[PDB]
């Protein structure tokens, strides 16, 4: 199995114990590390933070401590939106401009490949033609990488992509069989499956359906989503299951109603480190737990939840990560990816379960513990 871990270049700005830099990464923890994010200017890949070049050096420098480690640069992400991708794929000139810049950029800064985080072709403003044009872009990139490898006589750069978990988004976004052919790995974003937008409590990344989930709600679980990708053309071995080291929180409409599907009246409070409306990093959740929040277990879906006063959080812990890792093995998927390494309890001080307790759980469960360094 692979264990692919996203690092975020804005984690550096979190106060005190929240600050996470590339040198905070244990080089022996994951098999692949992904740097989020690069941007785009005039159809060319660019840095986004002032210190990205220095951070690229530290990040890829981790490969000096673990010879097996591969690194990829992620372009795009949620806030990036679709507009620069749409314009870039709109013409073969723009795609070649982009592809050329990517080869040069990855080789210069010592990345082993590119992760596409276009969220998403065919939605969030992206027109219907982008579904096919994404396939075309990925084909042309994979073919350019193959070409370059011949020119410079080295193994080719990798191409991977983060892909939607929502069924409508998948249908409007991807030519699964054709696309799957050209990608090295498919990082399926099996999280944010529920949230306060829905008006009821729900889990972030439930493994299975809750009994009351019917109709389109029956699709909002890891198992359904991973099998949808496989059934519609992605080889199990290229499929990588998304694991979140965070949870969504909610304001309960009634503090006495705390089960799955209890009414909610909005997004729960930002945490004191990540400062994210309606979302707590795992280490932030550990504070909540440590200070007396009531813990629940959602047995049907194999995930924890917790509540206190009017606040309810659906999340993942060591138990739920282990359960999902065993499931992944039973289904023989390619491995796991983690959003994000900087949201795990990297200091060990919040949850008191050792450093990187969630990601270490996956490393152990996936038989990677004896991996080389």
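We call the rigid core whatever largest set of C-alpha positions still superposes within 1.5 Å between the two forms. Residue numbers count along the first chain shown, from 1.
If the other structures are each fit on the rigid core, which stretch ends up farther away in C-alpha terms in 5 other deposited structures of this protein, 151 to 159 or 233 to 241?
Looking at 233 to 241 and 151 to 159 in 5 other deposited structures of this protein, the bigger mover is 151 to 159.
More shifted region, core-based fit in 5 other deposited structures of this protein, 18 to 26 vs 361 to 369 by CA
If we average over structures and residues in 5 other deposited structures of this protein, the farther stretch is 361 to 369.
Given the B-factors recorded for C-alpha atoms, which segment has the greater mean, 251 to 259 or 172 to 180?
Comparing 172 to 180 with 251 to 259, the higher mean C-alpha B-factor belongs to 251 to 259.
Mean C-alpha B factor from the entry: is it higher for 138 to 146 or for 227 to 235?
Looking at the recorded C-alpha B-factors, 138 to 146 comes out higher on average.
Highest CA temperature factor in the entry: which of 90, 245, 196, 301?
Within the set 90, 245, 196, 301, 196 shows the top C-alpha B-factor.
Quick one: which of 202, 166, 128, 76 has the biggest Cα B-factor according to the entry?
Each of 202, 166, 128, 76 was compared by C-alpha B-factor; the highest is 128.
If you rank every modelled residue in this chain by C-alpha B factor, which third holds residue 271: lowest, middle or highest?
According to the entry, residue 271 has a C-alpha B-factor in the chain's middle third.
Consider only the C-alpha atoms of the modelled residues in this chain, order them by B-factor as the entry records it, and name the third containing residue 50: lowest, middle or highest.
Ranked within chain, residue 50 CA B lands in the middle tercile.
In terms of the CA temperature factor given in the entry, to which third of its chain does residue 64 belong: lowest, middle or highest?
Tercile = highest for this residue's CA B-factor.
Of the three thirds of its chain by CA temperature factor, lowest, middle or highest, which one includes residue 288?
According to the entry, residue 288 has a C-alpha B-factor in the chain's middle third.
Using the B-factors in the PDB entry, rank residue 132's C-alpha atom against the chain and give the third, lowest, middle or highest.
Its C-alpha B-factor, which the entry lists for residue 132, ranks in the middle third among residues of this chain.
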